[PDB]
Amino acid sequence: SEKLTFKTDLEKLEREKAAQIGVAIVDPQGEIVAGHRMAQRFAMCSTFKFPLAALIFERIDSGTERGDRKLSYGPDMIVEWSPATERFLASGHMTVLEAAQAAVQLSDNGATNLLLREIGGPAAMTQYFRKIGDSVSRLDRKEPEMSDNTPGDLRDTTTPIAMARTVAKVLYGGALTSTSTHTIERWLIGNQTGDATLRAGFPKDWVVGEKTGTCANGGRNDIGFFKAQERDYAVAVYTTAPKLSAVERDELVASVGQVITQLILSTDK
């Protein structure tokens, strides 16, 4: 019955906020716990920066990259929303690790694009999704254009179920070494951009980490993990609410987190 309540609650949010809400919750092996519009395409927006960091950690794990390697750049790398990149510009570089951390924790666009430059562009991000068994998620463009979220555009999209399982792959499914996995987990927990989204709607005793995304045309997303009740979960939430304000879209995602909470609390262990 609890899965029907979940569906009913989300439909009520969609109706009342004029929104479309895609959700997938999976266990550590990627088995479905619950979902809504799980196979509908949504723009990834900044949510892909978590997988990009994973991509980088895999290179590190395989001996093809080091975290301390200096990536040089000039003023042409500065793009809208590049807080760290702008601070490090005079010094002349950011390291692989600094860039990756800024990408994940600040959503820094310049840092993101510096990493894309290094790995051979958006095609290499897509290549990595394929390699960890995600046939759906696709990166086509750098930031900020990838965040355009033009209706009907298949570029730079995922589905909630594909992305949730990619999260689970990265955090639980052995995609990265123990040490790399732990590092990225703590980055998700200490994210500086998620305080008003999903983790605002989860119980304060749950351990949560996530990566947010904001799209043009009313996109607001949050992907990550939570640990309740001894039990680990991966979650992906994508919403589109063209007429809401930015604060209202954060509230919408927090509300989704409340609806998720009620579902998990009503799921037998």
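In case it trips you up, residue 1 is the first one in the sequence shown, and so on.
For the pair 117 to 125 and 94 to 102, the mean Cα B-factor is higher in 117 to 125. 212 to 220 and 47 to 55 differ in mean CA B-factor, and the higher of the two is recorded for 212 to 220. Comparing the listed residues 244, 234, 237, 207, the entry records the largest Cα B-factor for 244. Annotation for 82, 159, 150, 191: 150 ranks highest, by Cα B-factor. For residue 186, the recorded CA B-factor ranks within the lowest third of the chain. Only modelled residues enter the ranking. Compared with the other modelled residues of the chain, the Cα B-factor recorded for residue 154 ranks in the highest third. Residue 145: CA B factor lies in the highest third for its chain, per the PDB record. Ranked by Cα temperature factor within the chain, residue 199 sits in the middle third according to the deposited record. Ranked by C-alpha B-factor against the other modelled residues of its chain, residue 177 falls in the middle third.
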